[PDB]
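Remarks on the structure that follows.
Nothing in this text is a laboratory measurement; each read-out follows from the coordinates by a stated rule. A quick note on method: Cβ atoms are made from the backbone with ideal geometry, for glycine too, and the neighbour counts reach across all protein chains shown.
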Amino acid sequence: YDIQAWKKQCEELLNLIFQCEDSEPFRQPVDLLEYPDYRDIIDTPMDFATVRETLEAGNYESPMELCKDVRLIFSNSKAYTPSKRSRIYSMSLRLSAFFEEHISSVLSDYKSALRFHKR
Ligand SMILES: O=c1cc(Br)ccn1CCO
């Protein structure tokens, strides 16, 4: 029932994601010189360094907010891909599966702890 435990759990999950070769295209903001039309397609860029920095700054109140930003990394990849068979999009799907597998208990434990706090 630790209401704060999600933060270190998210830090550790972000460390695992950074060790994953599949996270390479998503570790830093998409380079607009490499993809000049990116902002014509994507309204809200997101990447894992921005997620880690937001967390470290104390700018996430809950793991649900962090999860919304990580899911935005994957929806941006899906929206920008010219093909469902592209290399970067394919990496995003594996990384998303790994992220969802690991974030589930973090969310469950946090929501359970908050329900206990307000019991
Ligand atoms: O998300 C995508 C998908 C393709 Br295909 C190319 C670039 N980006 C940005 C991350 O590299």
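List of remarks:
- For region 1-68, GluC sites (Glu not before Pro) are listed when DSSP marks them as loop and at most 16 other Cβ atoms sit within 10 Å of their Cβ; the list is 34, 61.
- Here the Gaussian network model covers the chain, with springs between Cα atoms less than 10 Å apart; of 37, 47, 69, 37 fluctuates the most.
- Choice from 45, 82, 63 showing the highest fluctuation, given a GNM over the chain with Cα pairs closer than 10 Å: 82
- When shorter helices are ignored and each DSSP H run of at least 4 residues is given -39500 (n - 2.57), the per-residue value for the chain at 222 nm works out to -21000 deg cm²/dmol.
- For residue 31, net neighbour charge (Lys/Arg +1, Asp/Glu -1) across residues whose Cβ lies under 13 Å away: -2
- Shown for 70, 30: other C-beta atoms within 10 Å of each C-beta, ranked fewest to most, produce the order 30, 70.
- For the chain, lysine pairs separated by 8 or more sequence positions, or belonging to different chains, with Cα-Cα distances below 26 Å total 10.
- Cβ-based charge dipole, the chain, positive-most Cα from 6, 112, 32: 112
- Listed by number, the DSSP H helices of the chain that run 24 Å or longer by alpha-carbon position along their axis and have mean Kyte hydropathy of at least -1.0 are 63-80, 87-117.
- Relative to its Kirkwood radius, the Cα radius of gyration of the chain gives an Rg/Rh of 1.01.
- Leading residue at positive end of dipole, the chain (Cβ point charges), from 77, 93, 54: 93
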